[PDB]
Amino acid sequence: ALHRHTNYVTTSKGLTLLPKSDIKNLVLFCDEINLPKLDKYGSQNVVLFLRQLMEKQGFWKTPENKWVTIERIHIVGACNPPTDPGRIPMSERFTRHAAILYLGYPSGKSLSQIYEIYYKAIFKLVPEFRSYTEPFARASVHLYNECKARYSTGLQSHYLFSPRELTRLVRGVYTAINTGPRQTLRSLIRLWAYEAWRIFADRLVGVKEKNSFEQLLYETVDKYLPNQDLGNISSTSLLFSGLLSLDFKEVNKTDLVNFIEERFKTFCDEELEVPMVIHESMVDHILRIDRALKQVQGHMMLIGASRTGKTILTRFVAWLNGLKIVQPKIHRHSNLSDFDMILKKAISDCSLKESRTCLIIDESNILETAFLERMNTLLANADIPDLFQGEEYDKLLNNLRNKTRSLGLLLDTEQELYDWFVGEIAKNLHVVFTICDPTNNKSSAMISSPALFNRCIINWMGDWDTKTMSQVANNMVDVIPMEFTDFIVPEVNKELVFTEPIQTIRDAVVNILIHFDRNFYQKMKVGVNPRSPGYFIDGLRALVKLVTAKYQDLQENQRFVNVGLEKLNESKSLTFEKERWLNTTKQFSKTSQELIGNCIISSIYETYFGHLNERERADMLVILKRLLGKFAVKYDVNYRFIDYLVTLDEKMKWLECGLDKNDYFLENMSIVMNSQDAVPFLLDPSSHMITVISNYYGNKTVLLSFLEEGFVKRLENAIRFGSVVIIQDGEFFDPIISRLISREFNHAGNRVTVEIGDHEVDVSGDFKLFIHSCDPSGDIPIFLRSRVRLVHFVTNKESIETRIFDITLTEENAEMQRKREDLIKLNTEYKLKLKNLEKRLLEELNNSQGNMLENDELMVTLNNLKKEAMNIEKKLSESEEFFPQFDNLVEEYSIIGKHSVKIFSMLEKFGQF
Amino acid sequence: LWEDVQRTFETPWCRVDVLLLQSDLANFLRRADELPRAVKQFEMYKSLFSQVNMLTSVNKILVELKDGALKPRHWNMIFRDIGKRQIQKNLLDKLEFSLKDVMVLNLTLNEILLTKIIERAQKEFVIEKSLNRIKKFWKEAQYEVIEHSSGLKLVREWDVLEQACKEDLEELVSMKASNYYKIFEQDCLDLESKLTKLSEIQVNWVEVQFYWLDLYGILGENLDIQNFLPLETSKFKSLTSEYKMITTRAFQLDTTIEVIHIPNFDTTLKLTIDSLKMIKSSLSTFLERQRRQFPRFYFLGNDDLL
Ligand SMILES: Nc1ncnc2c1ncn2[C@@H]1O[C@H](COP(=O)(O)OP(=O)(O)O)[C@@H](O)[C@H]1O
């Protein structure tokens with residue numbers, strides 16, 4: 001930092017000095033002087049360097065070992081009180097040399113005058129309300145005071161208020177008045193309220209504190225600006241934006257939503273394609289991000305939860321304002337030099353070319369504290385001196401000197417050139433941090449950092465509320481047909497319903513999905529929910545595709561039965577009894593009513609239960625069934641996921657490939673294979689699945705890992721020639737595969753292209769990706785975990801609970817165990833072979849149009865089909881009594897297993913010791 | 001205008017540019033109406049306007065078939081399966097057919113089969129681009145040469161080319177998984193064969209060069225040690241002479257890959273490395289025989305003992 005303003009010199013008695021470059025004295029303002037961390041032995045070296053500079057008046061060059069005597073350079077530091085969090089105490093050996101001055105807040109009453117001067121300044125644009133300069137200021141000050149007392153650090157660690165918030169509010173009020181239309185008192189009050197919302201209540205967490213701030217705003221307005229014509233001051237009730245008009249005026253909600261939709265469609269088309277649904281919170285946050293990006297040093301920190309839309313929302317808002325989006329393409333083996341080069345390129349584009357970039361820094365786009373320090377230096381100043389120093393400085397000053405000449409402005413001094421450079425960076429570079437969970441150590445360090453927290457506008461997206469989920473679901477379940485279930489409006493409590501009052505099956509579906517998501521997060525997740533619905537969206541998409549597929553299947557079966565009935569009605573003595581056995585047209589009416597319920601259960605099972613135990617799956621399935629029963633949607637009472645989704649052929653293929661006989665493993669494999677809209681993440685301690693998948697894909701399987709050096713290239717081959725990829729490690733993850741984890745491709749005429757690192761590679765279309773992990777203890781990045789279909793292949797303790805049953809019933813009721821398996825086995829093979837015989841009969845009738853000798857085979861097969869009809873009826877009648885007895889018999893051996901699992905837990909604890 | 005539009009219809013497809021074609025079609029549309037009614041009543045103006053409207057009706061098709069992925073094989077398939085005719089091979093292989101043929105193919109209707117064949121065209125070009133990149137890289141690769149005290153030439157930076165050869169071999173292996181590999185098999189197989197031979201020569205060469213450097217410090221410099229081991233140094237001098245001739249003839253080629261065509265190169269390097277390993281074993285046995293006579297030499301090592 002000193003290299004720009006200091007000039008090393010040499011003298012015989014004056015071995016190298018480091019004085020001013022100019023003739024003016026130099027004052028080193030070291031802000032946050034007590035912030036740097038201290039070594040493990042308890043000594044922070046930067047403070048000792050400062051003491052050396054103030055006591056010894058010099059230091060030692062580390063390459064050359066020469067005493068450098070600083071000349072007429074002064075040291076002025078600034079520090080928060082040591083009692084503040086993160087403030088390391090400073091040694092008395094350093095502060096012994098410095099005069100300490102305490103600067104408190106300006107008394108709380110002087111703030112009134114200090115900002116009344118600002119309001120008198122900014123009301124020169126609107127003289128008609130000159131007399132309102134004094135009220136506003138007091139109100140503003142009062143607001144600040146209240147927000148300082150209500151929202152303390154005890155609630156949230158980022159609830160730090162200061163007069164800087166008041167200055168931001170005054171600048172916002174001016175920059176809305178300056179570019180706004182002719183104003184009225186109601187308009188000014190609403191404008192001030194909007195700016196107050198954006199300054200004080202953006203960082204607030206939870207609807208309780210937002211409502212508290214809203215009532216505080218109402219009280220302040222009624223106390224200091226007792227106007228009589230005002231609307232609702234809620235966050236979504238007032239919307240100020242210059243996207244529609246050329247001014248900055250409060251816009252109607254409907255026009256804003258229509259414009260946002262018609263622009264978002266174009267953005268999804270011409271830019272990267274991600275099918276997305278527009279809702280009210282999206283519009284509000286688009287306005288917030290637009291306001292932040294519009295100002296000069298507009299940096300934002302979006303603290304939400306994964307899969308909320310923050311990154312793509314920032315990209316959309318940048319595209320609206322014509323900002324070049326730059327995202328650091330870093331990976332696991334990316335060091336500080338790569339980040340420095342990326343920042344250098346971004347700065348060069350920002351200044352030497354006036355590119356107006358928008359650097360989106362994710363939480364995972366920083367790996368060590370050096371990246372965060374680079375962000376601090378870039379944000380606190382408007383430049384990073386460490387990038388441009390030494391000879392690289394000499395080039396920069398050259399590139400400035402040419403460039404500043406091309407703009408028609410003359411600047412020959414180095415200081416003037418660098419000041420123009422800093423100003424261009426400040427007014428052209430916007431940094432938008434996006435962090436998923438703020439309780440993580442990296443994200444907590446990002447938030448608590450002084451430069452970021454003081455320069456960035458903390459916008460707390462948070463997780464989706466029930467209104468946003470209802471809007472998204474309504475816009476997502478409006479594509480699939482539901483004109484066959486014959487829904488009847490059910491009687492439910494007003495608290496249970498989330499969308500508009502239930503009048504159709506679609507509202508019931510969205511209510512069930514929202515309620516199950518809430519219950520699932522209530523059971524699995526504890527305390528606060530830093531997880532935004534990615535399960536909800538994936539479940540909605542799965543339900544859409546599954547309803548479509550199941551209705552197509554039902555249509556095909558109905559068509560087959562109807563054409564068979566028509567053929568039989570066209571048809572010599574026993575076919576009248578196949579008129580009876582074609583009563584399945586009556587069964588179709590019952591099985592079509594339960595189609596939506598079965599599809600909901602199967603989609604929820606595919607999405608949520610991938611990473612659950614054998615008992616958690618049962619409990620949450622019971623919860624989902626009681627939720628379906630709470631509303632008026634029906635489902636197959638004896639529903640089995642394996643029977644419903646996977647067919648016999650696929651199950652036999654999986655068993656042949658090497659999969660176990662467990663129902664848990666069959667369900668896990670069904671989840672892995674059936675759901676291929678998202679990458680599957682197979683977790684298993686034994687690697688027995690890695691071979692199984694390979695056995696499924698023969699010679700096409702390619703095994704990689706995130707540890708080997710050539711992996712980055714090898715995938716680029718497998719991704720270009722269509723070979724199934726299994727990555728042996730998943731706990732590690734280099735974000736270069738990021739554009740592959742989320743299906744975010746660059747389409748063209750007929751070639752689909754994906755960006756990996758900085759290479760664009762063509763996707764064959766035969767390429768699958770399975771991520772595989774071994775240790776369940778290992779963690780996966782929040783970006784990966786919420787995008788990927790996590791499937792647990794572990795053999796938990798609860799696997800004992802069922803397994804001993806299959807032993808007990810084997811040696812306690814041998815005949816009952818024998819009938820249990822063959823009941824379902826014969827049932828399934830009957831549902832296949834009766835259809836087989838029906839199409840046999842149909843094609844035989846096709847071949848028996850007018851012959852007589854051929855009818856003997858027709859008659860004998862007609863008599864045959866009666867046998868399987870009797871067996872089907874007998875099996876159904878026997879099951880009607882077997883299932884009650886089976887469920888009665890389950891509970892006894894469940895009692896046995898309750899002790900068995902405890903015993904095994906104790907044994908495993910012993911083994912752990 | 002009729003002469004101009006007839007001339008623009010006869011330009012070879014290998015030279016047609018859509019950017020100027022758009023302006024030319026705009027001019028044709030502008031100048032169609034200004035023709036007098038004598039042209040309008042005749043078939044000349046009607047045919048001209050119909051052909052101009054045919055050209056302007058499809059413009060995505062023209063730019064898609066202007067892509068580099070298209071090849072004479074694809075043009076032959078398009079002509080045979082859509083145009084129902086055969087194109088002269090000289091007219092086809094150079095893509096010099098006129099725009100009238102493109103009109104004949106009737107891009108408006110057969111666009112579904114057109115896109116079906118173009119998709120195959122881009123995938124085959126995905127394979128061909130990797131093949132061309134590998135060939136271009138290995139037609140310009142060369143070692144980095146230095147000269148030490150002796151007249152021998154030494155290679156530096158083995159990795160920058162060894163890793164490239166290994167990665168290219170892995171790429172050529174992985175190309176077999178692609179469905180559209182059959183047409184490119186006859187070239188990929190030969191390229192893989194050449195790269196395997198080059199990789200074997202590289203593996204022998206790095207070891208030969210390393211062992212020769214290691215032994216040059218021991219033998220060939222100190223006269224005393226060569227006197228204690230006359231057979232070893234006598235063999236070493238002949239090895240150095242043969243290696244010098246081999247390396248001079250090898251770097252007289254300006255390309256790394258062409259060493260696979262040098263007569264008796266890989267076997268020569270195998271013999272050289274075998275003889276160097278035998279000389280190293282002889283040194284080890286001599287040093288151990290010296291240490292077993294005065295065992296305190298076990299506290300010194302090899303360089304000190306030498
Ligand atoms: N309104 C919405 N409609 C549909 N899907 C959405 C919506 N908002 C977010 N999503 C889903 O959440 C993801 C958000 O993407 P992105 O913003 O890039 O990641 P992050 O939210 O973690 O920053 C998208 O993949 C999208 O599928």
# chains A, B, ... in the order shown; residues from 1 in each chain; ligands from 1
$ residues_near_ligand --ligand "ligand 1" --cutoff "7 Å" --atoms "only C-alpha atoms and all ligand atoms" --output "PyMOL selection string"
chain A and resi 274-279+282+305-313+434+436+472+534+537+742+783
$ write_last_selection --atoms "C-alpha atoms" --output "PDB file, in the first residue's frame"
ATOM      1  CA  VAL A 274     -33.257 -22.339 -16.496  1.00  0.00           C
ATOM      2  CA  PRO A 275     -37.061 -22.823 -16.388  1.00  0.00           C
ATOM      3  CA  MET A 276     -38.200 -20.584 -13.549  1.00  0.00           C
ATOM      4  CA  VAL A 277     -41.448 -19.272 -12.071  1.00  0.00           C
ATOM      5  CA  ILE A 278     -42.017 -15.600 -11.251  1.00  0.00           C
ATOM      6  CA  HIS A 279     -43.656 -14.732  -7.926  1.00  0.00           C
ATOM      7  CA  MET A 282     -38.959 -12.523  -6.845  1.00  0.00           C
ATOM      8  CA  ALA A 305     -30.620 -20.479   1.386  1.00  0.00           C
ATOM      9  CA  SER A 306     -29.613 -22.863  -1.367  1.00  0.00           C
ATOM     10  CA  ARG A 307     -31.919 -23.103  -4.406  1.00  0.00           C
ATOM     11  CA  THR A 308     -33.687 -19.831  -3.580  1.00  0.00           C
ATOM     12  CA  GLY A 309     -32.669 -18.158  -6.839  1.00  0.00           C
ATOM     13  CA  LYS A 310     -30.186 -15.554  -5.597  1.00  0.00           C
ATOM     14  CA  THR A 311     -27.469 -16.217  -8.190  1.00  0.00           C
ATOM     15  CA  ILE A 312     -29.777 -16.360 -11.197  1.00  0.00           C
ATOM     16  CA  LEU A 313     -31.746 -13.393  -9.854  1.00  0.00           C
ATOM     17  CA  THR A 434     -24.101 -14.856  -2.341  1.00  0.00           C
ATOM     18  CA  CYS A 436     -26.224 -20.021   1.433  1.00  0.00           C
ATOM     19  CA  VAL A 472     -44.625 -21.612  -7.400  1.00  0.00           C
ATOM     20  CA  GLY A 534     -35.004 -27.756  -3.419  1.00  0.00           C
ATOM     21  CA  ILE A 537     -39.265 -27.970  -6.575  1.00  0.00           C
ATOM     22  CA  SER A 742     -27.167 -28.185 -12.582  1.00  0.00           C
ATOM     23  CA  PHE A 783     -24.072 -26.222  -3.615  1.00  0.00           C
TER      24      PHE A 783
END
$ residues_around --residues "range 836-849 of chain A" --least-positions-apart "4" --cutoff "12 Å" --atoms "only C-alpha atoms" --output "NGL selection string"
:A and (557 or 560-572 or 575 or 578 or 581-582 or 829-832 or 853-869)
$ residues_around --residues "residue 458 in chain A" --least-positions-apart "3" --cutoff "7 Å" --atoms "only C-alpha atoms" --output "list in words"
residues 202, 203, 300, 301 and 302 of chain A
$ closest_atom_pairs --of "range 121-155 of chain B" --to "range 62-78 of chain B" --cutoff "9 Å" --atoms "only C-alpha atoms" --output "CSV"
residue,atom,partner,partner_atom,distance
B:121,CA,B:69,CA,5.5
B:122,CA,B:69,CA,5.2
B:123,CA,B:69,CA,8.3
B:124,CA,B:69,CA,7.6
B:125,CA,B:69,CA,5.2
B:126,CA,B:69,CA,8.3
$ closest_residue --among "B:169, B:213, B:134, B:279" --to "residue 196 in chain B" --atoms "only C-alpha atoms"
B:169
$ atom_distance --atom1 "CA of residue 531 in chain A" --atom2 "CA of residue 492 in chain A"
28.3 Å
$ interface_residues --of "chain A" --to "chain B" --cutoff "8 Å" --atoms "only C-alpha atoms" --output "ChimeraX atom specification"
/A:700,713-714,717-718,720-723,749-751,762,764
$ closest_residue --among "B:131, B:20, B:273, B:141" --to "residue 184 in chain B" --atoms "only C-alpha atoms"
B:131
$ residues_around --residues "range 217-224 of chain A" --least-positions-apart "4" --cutoff "10 Å" --atoms "only C-alpha atoms" --output "PyMOL selection string"
chain A and resi 134-140+142-143+146+189-190+192-193+196-197+211-213+228+230+232-234
$ write_last_selection --atoms "C-alpha atoms" --output "PDB file, in the first residue's frame"
ATOM      1  CA  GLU A 134     -37.055  19.399  10.053  1.00  0.00           C
ATOM      2  CA  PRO A 135     -39.712  16.647  10.577  1.00  0.00           C
ATOM      3  CA  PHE A 136     -38.189  14.102   8.181  1.00  0.00           C
ATOM      4  CA  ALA A 137     -34.742  14.367   9.757  1.00  0.00           C
ATOM      5  CA  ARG A 138     -36.075  13.844  13.269  1.00  0.00           C
ATOM      6  CA  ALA A 139     -38.155  10.920  12.036  1.00  0.00           C
ATOM      7  CA  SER A 140     -35.097   9.429  10.354  1.00  0.00           C
ATOM      8  CA  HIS A 142     -35.864   8.515  15.633  1.00  0.00           C
ATOM      9  CA  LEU A 143     -36.106   5.520  13.320  1.00  0.00           C
ATOM     10  CA  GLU A 146     -35.393   2.587  17.617  1.00  0.00           C
ATOM     11  CA  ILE A 189     -43.502   9.944   2.815  1.00  0.00           C
ATOM     12  CA  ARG A 190     -43.807   6.709   0.835  1.00  0.00           C
ATOM     13  CA  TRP A 192     -38.792   7.848   2.624  1.00  0.00           C
ATOM     14  CA  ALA A 193     -40.550   4.730   3.912  1.00  0.00           C
ATOM     15  CA  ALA A 196     -36.087   3.125   5.305  1.00  0.00           C
ATOM     16  CA  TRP A 197     -37.263  -0.383   4.407  1.00  0.00           C
ATOM     17  CA  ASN A 211     -43.665  -6.903  11.338  1.00  0.00           C
ATOM     18  CA  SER A 212     -42.070  -5.148  14.312  1.00  0.00           C
ATOM     19  CA  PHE A 213     -40.232  -2.811  11.949  1.00  0.00           C
ATOM     20  CA  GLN A 228     -53.938  11.700   6.562  1.00  0.00           C
ATOM     21  CA  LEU A 230     -51.319   7.068   3.130  1.00  0.00           C
ATOM     22  CA  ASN A 232     -49.927   0.337   3.304  1.00  0.00           C
ATOM     23  CA  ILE A 233     -46.257   0.737   4.200  1.00  0.00           C
ATOM     24  CA  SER A 234     -45.572  -3.011   4.091  1.00  0.00           C
TER      25      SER A 234
END
$ residues_around --residues "residue 281 in chain A" --least-positions-apart "5" --cutoff "9 Å" --atoms "only C-alpha atoms" --output "ChimeraX atom specification"
/A:236,286,461,464,468
$ select_by_dssp --residues "range 76-190 of chain B" --states "strand (DSSP E)" --output "tab-separated table (two decimals) with N, CA, C and O atoms, in the first residue's frame"
chain	number	residue	atom	x	y	z
B	144	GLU	N	13.30	-29.99	-26.45
B	144	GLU	CA	14.11	-28.83	-26.11
B	144	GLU	C	15.52	-29.33	-25.83
B	144	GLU	O	15.72	-30.20	-24.98
B	145	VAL	N	16.49	-28.77	-26.55
B	145	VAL	CA	17.84	-29.32	-26.62
B	145	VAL	C	18.80	-28.42	-25.86
B	145	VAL	O	18.73	-27.19	-25.98
B	146	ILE	N	19.67	-29.02	-25.06
B	146	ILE	CA	20.81	-28.33	-24.47
B	146	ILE	C	22.05	-29.16	-24.72
B	146	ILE	O	21.97	-30.34	-25.08
B	147	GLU	N	23.21	-28.54	-24.57
B	147	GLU	CA	24.49	-29.23	-24.71
B	147	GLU	C	25.31	-29.06	-23.45
B	147	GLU	O	25.58	-27.93	-23.03
B	153	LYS	N	23.89	-34.25	-26.99
B	153	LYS	CA	22.74	-33.36	-26.85
B	153	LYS	C	21.76	-33.96	-25.85
B	153	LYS	O	21.44	-35.15	-25.91
B	154	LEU	N	21.29	-33.12	-24.94
B	154	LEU	CA	20.41	-33.53	-23.86
B	154	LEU	C	19.02	-32.92	-24.05
B	154	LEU	O	18.88	-31.77	-24.48
B	155	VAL	N	18.01	-33.71	-23.71
B	155	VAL	CA	16.62	-33.27	-23.75
B	155	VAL	C	16.28	-32.67	-22.40
B	155	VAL	O	16.73	-33.15	-21.35
B	156	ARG	N	15.49	-31.60	-22.42
B	156	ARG	CA	14.94	-31.05	-21.19
B	156	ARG	C	13.42	-30.98	-21.32
B	156	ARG	O	12.87	-30.96	-22.43
$ decode --residues "range 819-831 of chain A" --atoms "N, CA, C and O atoms" --output "short mmCIF file (atom, residue, chain, number, x, y, z; two decimals), in the first residue's frame"
data_model
loop_
_atom_site.label_atom_id
_atom_site.label_comp_id
_atom_site.auth_asym_id
_atom_site.auth_seq_id
_atom_site.Cartn_x
_atom_site.Cartn_y
_atom_site.Cartn_z
N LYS A 819 -46.83 -68.31 2.24
CA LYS A 819 -47.91 -67.65 1.52
C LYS A 819 -47.64 -66.16 1.33
O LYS A 819 -48.09 -65.58 0.34
N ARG A 820 -46.91 -65.53 2.25
CA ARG A 820 -46.67 -64.09 2.15
C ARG A 820 -45.98 -63.73 0.84
O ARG A 820 -46.45 -62.86 0.10
N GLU A 821 -44.86 -64.39 0.54
CA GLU A 821 -44.12 -64.05 -0.67
C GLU A 821 -44.88 -64.45 -1.93
O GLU A 821 -44.99 -63.65 -2.87
N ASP A 822 -45.45 -65.66 -1.95
CA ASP A 822 -46.07 -66.13 -3.17
C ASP A 822 -47.38 -65.41 -3.46
O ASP A 822 -47.80 -65.37 -4.61
N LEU A 823 -48.01 -64.79 -2.45
CA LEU A 823 -49.20 -63.99 -2.72
C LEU A 823 -48.88 -62.85 -3.67
O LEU A 823 -49.49 -62.74 -4.74
N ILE A 824 -47.90 -62.02 -3.32
CA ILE A 824 -47.53 -60.90 -4.18
C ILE A 824 -46.88 -61.40 -5.47
O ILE A 824 -47.10 -60.83 -6.55
N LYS A 825 -46.07 -62.46 -5.38
CA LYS A 825 -45.43 -62.98 -6.59
C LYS A 825 -46.47 -63.42 -7.61
O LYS A 825 -46.43 -63.02 -8.78
N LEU A 826 -47.43 -64.25 -7.18
CA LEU A 826 -48.49 -64.70 -8.07
C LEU A 826 -49.37 -63.54 -8.51
O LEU A 826 -49.84 -63.53 -9.64
N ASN A 827 -49.58 -62.55 -7.64
CA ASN A 827 -50.37 -61.39 -8.03
C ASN A 827 -49.73 -60.67 -9.21
O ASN A 827 -50.39 -60.38 -10.21
N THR A 828 -48.43 -60.38 -9.11
CA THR A 828 -47.75 -59.66 -10.18
C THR A 828 -47.68 -60.49 -11.46
O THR A 828 -47.99 -59.99 -12.56
N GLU A 829 -47.29 -61.76 -11.34
CA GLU A 829 -47.23 -62.57 -12.54
C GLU A 829 -48.61 -62.82 -13.13
O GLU A 829 -48.72 -63.03 -14.34
N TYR A 830 -49.67 -62.72 -12.33
CA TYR A 830 -51.02 -62.76 -12.86
C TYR A 830 -51.35 -61.49 -13.63
O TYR A 830 -51.88 -61.56 -14.75
N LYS A 831 -51.04 -60.32 -13.07
CA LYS A 831 -51.30 -59.08 -13.80
C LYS A 831 -50.55 -59.05 -15.12
O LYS A 831 -50.99 -58.38 -16.06
#
